[PDB]
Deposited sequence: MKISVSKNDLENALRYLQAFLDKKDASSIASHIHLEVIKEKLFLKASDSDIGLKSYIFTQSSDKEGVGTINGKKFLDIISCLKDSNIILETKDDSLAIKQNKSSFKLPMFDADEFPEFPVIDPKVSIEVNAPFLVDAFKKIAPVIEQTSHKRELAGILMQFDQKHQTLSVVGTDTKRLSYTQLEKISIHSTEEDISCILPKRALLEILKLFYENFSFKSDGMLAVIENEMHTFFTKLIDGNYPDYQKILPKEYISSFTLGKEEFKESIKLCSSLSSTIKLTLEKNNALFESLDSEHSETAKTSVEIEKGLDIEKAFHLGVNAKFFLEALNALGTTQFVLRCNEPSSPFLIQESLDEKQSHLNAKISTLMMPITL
């Protein structure tokens, strides 16, 4: 192998690969990046049986094609320290030479045959995502997922052209339903579970104009510059639809940002808050605070709510905050039944259709008293 490349492109490509390397054992091939020059491109790839990324960059020149490997951290450490000029990369037997002008590096390669093979799939399901809504869905739901519940659910119904995205731990549950989606599939209904680990990586890599394919065991995401894959978590996600209350007794439209501030404020002294809703006021009190410690605040509700009898509700503070951080609206709807039954946080006008973005609703279990 012998080529010259741009430093900015090489660097950028290297930063994204870092997260796919087991960097601690530098004597394992799991710490190395796989290189290959075909035609006027350098392909860079880091992977294991479980997750992977393949990228490419273009060459200024390409005297000689071939394969190689290199420690990912070192290679990035060296490249990030260089000037903004061409880097000559060039194999010397079992070593990779890097060169830029007066600077000269040699690094040992491993056997490129040991590098795990980058899988190809026969998709059962495939979509083209040409807007931010899916990654918007991932980003807003991720916080509820603890690393089958250890992942995000993507549920495809071809019949109805809907993709459902759902996360949960024991205590809360966020979902969204992306309607009007061009689902190409070999069944009418199929469910993939992406690990949290992969979810996070997807957020760093993709936004819109990518394809998502799966064969029911691996997912492969792809755009012009990248191909990423992950193993799926085998199993059955619980039926989320079963858990949702059928109807809600009460439905309150409230100030997102006033509620965040008042919650953050009480939660300075507690993990849980007592919410009191009245006609024209909301009251927040610290709940599980120590003997002798107390926080209280309130906000005016100018457009009166429909109650006579004042509604009280114990909530976990962080959950409630995170449910409000998943909404794009200035106001939110709180839907409840009994103070000890689950309640729901969702956007103002959540039934309305959105082009660019996902609308996440969160169902939460309250705290007693």
### Message
Numbered from 1 along the deposited sequence, what ranges are absent from the coordinates?
### Response
148 to 152
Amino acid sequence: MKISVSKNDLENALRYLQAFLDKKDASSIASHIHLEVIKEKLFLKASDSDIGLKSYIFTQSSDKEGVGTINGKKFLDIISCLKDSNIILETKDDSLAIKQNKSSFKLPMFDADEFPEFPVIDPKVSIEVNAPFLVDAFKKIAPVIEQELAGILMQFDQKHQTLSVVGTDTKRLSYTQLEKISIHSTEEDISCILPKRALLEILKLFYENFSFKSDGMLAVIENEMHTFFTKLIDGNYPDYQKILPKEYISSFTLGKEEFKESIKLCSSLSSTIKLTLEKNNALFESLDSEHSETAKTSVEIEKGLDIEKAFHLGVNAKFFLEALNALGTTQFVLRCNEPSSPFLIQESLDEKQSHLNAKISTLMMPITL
From here on, numbers count along this sequence of modelled residues.
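If you superpose the two forms and keep the largest set of C-alpha atoms that fall within 1.5 Å, you have the rigid core.
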#### Entry: Stretch with greater C-alpha deviation in 5 other deposited structures of this protein, 80 to 88 versus 250 to 258 (rigid core superposition)
80 to 88
### Query
How do 312 to 320 and 56 to 64 compare in 5 other deposited structures of this protein: which one has C-alphas farther from this form after the rigid core is matched?
56 to 64
### Query
Do a third or more of the other compared entries leave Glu347 out of the model?
no
### Other entries modelling both neighbours but not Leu356, at least a third
yes
### Query
Which has the higher mean CA temperature factor in the PDB entry, 253 to 261 or 105 to 113?
105 to 113
### Summary
Entry B factor averaged over C-alpha atoms, 233 to 241 against 280 to 288: higher for 233 to 241
### Message
Using only the C-alpha B-factors in the record, can you name which of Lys74, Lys99, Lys140, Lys171 has the highest?
### Response
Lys171
### Highest recorded Cα temperature factor - choice among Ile88, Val165, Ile181, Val220
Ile181
### Query
Lowest, middle or highest third of the chain for the C-alpha temperature factor of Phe118?
highest
### Task
Going by the recorded CA B-factors, say which third of the chain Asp84 sits in, lowest, middle or highest.
highest
### Query
Comparing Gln18 with the other modelled residues of its chain, is its CA B-factor in the lowest, middle or highest third?
lowest
## Note on the structure
Of the three thirds of Cα B-factor ranks in this chain, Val144 occupies the lowest
### Task
Divide the modelled residues of the chain into thirds by Cα B-factor and specify which third, lowest, middle or highest, holds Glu338.
highest
